[PDB]
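J.: What follows is work-v2.txt, compact mmCIF, C-alpha atoms.
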# COMPACT_ATOMS: atom_id res chain seq x y z
CA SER R 1 -33.76 -15.47 -66.66
CA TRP R 2 -35.31 -18.27 -64.62
CA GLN R 3 -35.52 -16.02 -61.53
CA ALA R 4 -37.74 -13.65 -63.55
CA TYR R 5 -40.19 -16.50 -64.10
CA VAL R 6 -40.42 -16.90 -60.31
CA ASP R 7 -40.55 -13.22 -59.36
CA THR R 8 -42.48 -11.64 -62.24
CA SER R 9 -44.57 -14.48 -63.65
CA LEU R 10 -45.56 -16.29 -60.44
CA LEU R 11 -45.08 -14.03 -57.37
CA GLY R 12 -46.02 -10.96 -59.44
CA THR R 13 -49.57 -12.29 -59.82
CA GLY R 14 -50.37 -11.76 -56.12
CA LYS R 15 -51.85 -15.29 -55.94
CA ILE R 16 -48.66 -17.33 -55.41
CA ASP R 17 -46.54 -16.31 -52.44
CA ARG R 18 -43.51 -18.63 -52.84
CA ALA R 19 -42.13 -20.45 -55.89
CA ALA R 20 -39.29 -22.44 -57.40
CA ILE R 21 -38.22 -23.89 -60.75
CA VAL R 22 -36.25 -27.15 -60.75
CA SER R 23 -34.86 -29.67 -63.26
CA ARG R 24 -37.24 -32.46 -64.44
CA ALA R 25 -34.33 -34.88 -63.82
CA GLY R 26 -34.14 -33.76 -60.16
CA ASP R 27 -30.46 -32.75 -60.42
CA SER R 28 -30.66 -28.99 -59.76
CA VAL R 29 -32.73 -25.94 -58.84
CA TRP R 30 -32.82 -23.30 -61.58
CA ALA R 31 -34.60 -20.50 -59.65
CA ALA R 32 -36.32 -19.91 -56.29
CA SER R 33 -37.94 -17.20 -54.17
CA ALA R 34 -36.50 -15.92 -50.87
CA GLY R 35 -36.59 -18.50 -48.07
CA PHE R 36 -38.05 -21.25 -50.25
CA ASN R 37 -35.08 -23.61 -50.08
CA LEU R 38 -35.59 -27.02 -51.73
CA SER R 39 -32.96 -29.66 -50.94
CA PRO R 40 -31.36 -32.09 -53.46
CA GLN R 41 -33.15 -34.92 -51.71
CA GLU R 42 -36.50 -33.10 -51.96
CA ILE R 43 -36.19 -32.33 -55.70
CA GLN R 44 -34.97 -35.90 -56.35
CA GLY R 45 -38.05 -37.09 -54.46
CA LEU R 46 -40.44 -34.84 -56.38
CA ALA R 47 -38.86 -35.77 -59.72
CA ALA R 48 -39.25 -39.49 -58.90
CA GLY R 49 -42.90 -38.77 -57.98
CA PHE R 50 -43.79 -37.77 -61.54
CA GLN R 51 -42.46 -41.17 -62.68
CA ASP R 52 -44.88 -42.99 -60.28
CA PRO R 53 -47.66 -40.57 -59.36
CA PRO R 54 -49.85 -42.89 -57.21
CA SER R 55 -46.89 -43.31 -54.82
CA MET R 56 -47.18 -39.62 -53.87
CA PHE R 57 -50.42 -40.27 -52.00
CA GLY R 58 -48.61 -42.51 -49.52
CA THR R 59 -45.55 -40.29 -49.08
CA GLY R 60 -47.14 -36.87 -49.32
CA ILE R 61 -45.23 -34.00 -50.89
CA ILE R 62 -42.15 -32.86 -48.93
CA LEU R 63 -40.75 -29.44 -49.93
CA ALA R 64 -38.93 -26.74 -47.94
CA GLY R 65 -39.03 -28.94 -44.84
CA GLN R 66 -42.84 -29.20 -44.99
CA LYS R 67 -45.07 -32.22 -45.73
CA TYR R 68 -48.27 -31.52 -47.68
CA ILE R 69 -51.22 -33.86 -48.09
CA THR R 70 -51.41 -34.99 -51.73
CA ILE R 71 -54.75 -34.16 -53.42
CA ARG R 72 -53.77 -34.75 -57.05
CA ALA R 73 -50.99 -36.83 -58.59
CA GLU R 74 -50.69 -37.62 -62.31
CA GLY R 75 -47.83 -37.62 -64.85
CA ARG R 76 -47.74 -33.84 -65.23
CA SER R 77 -49.39 -32.44 -62.08
CA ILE R 78 -48.83 -33.06 -58.31
CA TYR R 79 -50.90 -30.85 -55.98
CA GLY R 80 -50.97 -30.77 -52.18
CA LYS R 81 -52.64 -29.00 -49.30
CA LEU R 82 -51.71 -28.12 -45.72
CA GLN R 83 -54.56 -26.50 -43.89
CA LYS R 84 -55.92 -23.77 -46.19
CA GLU R 85 -52.60 -23.27 -47.99
CA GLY R 86 -51.18 -25.54 -50.68
CA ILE R 87 -48.67 -26.36 -53.33
CA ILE R 88 -48.92 -26.84 -57.11
CA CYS R 89 -46.17 -28.76 -58.92
CA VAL R 90 -46.25 -29.00 -62.72
CA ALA R 91 -43.73 -30.73 -64.97
CA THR R 92 -42.62 -29.41 -68.38
CA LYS R 93 -40.27 -31.14 -70.84
CA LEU R 94 -37.15 -30.08 -68.93
CA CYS R 95 -38.42 -28.61 -65.62
CA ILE R 96 -40.88 -28.66 -62.72
CA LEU R 97 -42.64 -25.47 -61.59
CA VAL R 98 -43.36 -25.35 -57.84
CA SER R 99 -45.96 -22.80 -56.59
CA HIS R 100 -47.10 -22.21 -52.97
CA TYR R 101 -50.39 -20.34 -52.37
CA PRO R 102 -51.89 -18.74 -49.19
CA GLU R 103 -55.42 -19.11 -47.72
CA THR R 104 -56.78 -16.18 -49.74
CA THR R 105 -56.32 -17.67 -53.22
CA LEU R 106 -58.54 -20.41 -54.65
CA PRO R 107 -56.60 -23.66 -55.32
CA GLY R 108 -58.04 -23.50 -58.83
CA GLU R 109 -56.38 -20.09 -59.27
CA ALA R 110 -52.86 -21.19 -58.32
CA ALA R 111 -53.26 -24.33 -60.44
CA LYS R 112 -54.51 -22.38 -63.48
CA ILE R 113 -51.62 -19.89 -63.31
CA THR R 114 -48.91 -22.56 -62.80
CA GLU R 115 -50.34 -24.96 -65.42
CA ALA R 116 -50.53 -22.09 -67.93
CA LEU R 117 -46.91 -21.08 -67.33
CA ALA R 118 -45.96 -24.77 -67.80
CA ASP R 119 -47.92 -24.98 -71.08
CA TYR R 120 -46.17 -21.80 -72.26
CA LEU R 121 -42.77 -23.26 -71.43
CA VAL R 122 -43.69 -26.52 -73.23
CA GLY R 123 -44.74 -24.51 -76.32
CA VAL R 124 -41.43 -22.64 -76.20
CA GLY R 125 -39.64 -26.00 -75.98
CA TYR R 126 -38.79 -26.30 -72.27
As a first step, turn the structure in this file into structure tokens.

T.:
Amino acid sequence: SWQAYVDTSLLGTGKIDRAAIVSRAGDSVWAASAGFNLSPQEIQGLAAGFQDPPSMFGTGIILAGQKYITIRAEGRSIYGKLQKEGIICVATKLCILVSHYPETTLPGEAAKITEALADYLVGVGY
């Protein structure tokens, strides 16, 4: 199930404290952790971001009512920071993985985990 990807594969690592999985088309949310509510408008915004990554630097990344400062934006990867926490968004063929990390995990760690899960899902065909 998609929820198992959130709970077991991302939260279960101890490095990512909130997560969601959403449609690449920005039409729906397939799975999400407790409290981490992404609105239709937010997922539509994030989905549009992957289609024009440089634009994300001007807008920032708005998810769960929070605006993060964009530090990376390319066709597959949109990363942000807010103080010592941050957010890693990675697009697959059919979805976008969204991972939040706390101050205690290296940004490289959350990125590596989330990018790897994305690569897995691409290899599987998603």

J.: So that I can check the surroundings of region 27-29 of chain R, please list as a list in words every protein, DNA and RNA residue that reaches within 7 Å of it, counting all atoms listed in the file and ignoring chain neighbours fewer than 5 positions away.

T.: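 Non-adjacent residues within range: residues 21, 22 and 44 of chain R.
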
J.: At a cut-off of 10 Å, using only C-alpha atoms, what residues contact residue 33 (chain R)? Leave out same-chain residues fewer than 3 positions from it and give the result as a list in words.

T.: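 Everything that qualifies: residues 3, 6, 7, 10, 11, 17, 18, 19, 20, 21, 36 and 37 of chain R.
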
J.: As a PyMOL selection string, please: the residues near residue 16 (chain R) (cut-off 12 Å, all atoms listed in the file, same-chain neighbours under 6 positions excluded).

T.: chain R and resi 6-10+33+85-88+97-114

J.: Put the listed atoms of region 34-38 of chain R in a box along x, y and z with 4 Å added on every side and give me the centre and edge lengths in Å to one decimal, as lines of an AutoDock Vina configuration file.

T.:
center_x = -36.6
center_y = -21.5
center_z = -49.9
size_x = 11.0
size_y = 19.1
size_z = 11.7

J.: Do you know which residues are at most 10 Å from residue 122 (chain R) counting all atoms listed in the file, after dropping those on the same chain fewer than 5 positions away, and could you put them as a PyMOL selection string?

T.: chain R and resi 91-95+116-117

J.: So the first atom is CA of residue 5 (chain R) and the second is CA of residue 57 (chain R); what is the distance between them in Å, to one decimal place?

T.: 28.6 Å

J.: Pick out the closest residue to residue 30 (chain R) from this set: R:52, R:43, R:89, R:79. Count all atoms listed in the file.

T.: R:43

J.: I need the residue nearest residue 4 (chain R) from this list: R:26, R:119, R:31, R:40. Use all atoms listed in the file for the distance.

T.: R:31

J.: Interatomic distance between CA of residue 68 (chain R) and CA of residue 12 (chain R)?

T.: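 Separation between CA of residue 68 (chain R) and CA of residue 12 (chain R): 23.8 Å.
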
J.: Rank R:76, R:15, R:81, R:24 by their smallest atom-to-atom distance to residue 60 (chain R), using all atoms listed in the file, and report the top residue only.

T.: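 Once distances to residue 60 (chain R) are computed over all atoms listed in the file, the minimum belongs to R:81.
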
J.: With all atoms listed in the file as the atoms that count, which of R:25, R:55, R:80, R:1 lies nearest to residue 67 (chain R)?

T.: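 Between R:25, R:55, R:80, R:1, the residue approaching residue 67 (chain R) most closely is R:80.
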
J.: Could you work out how far CA of residue 53 (chain R) lies from CA of residue 74 (chain R), giving the answer in Å with one decimal?

T.: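 Pair CA of residue 74 (chain R) / CA of residue 53 (chain R) returns 5.2 Å.
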
J.: Name the closest residue to residue 70 (chain R) among the candidates R:23, R:46, R:51, R:14; distances are taken between atoms, counting all atoms listed in the file.

T.: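 Among the listed residues, R:46 lies closest to residue 70 (chain R).
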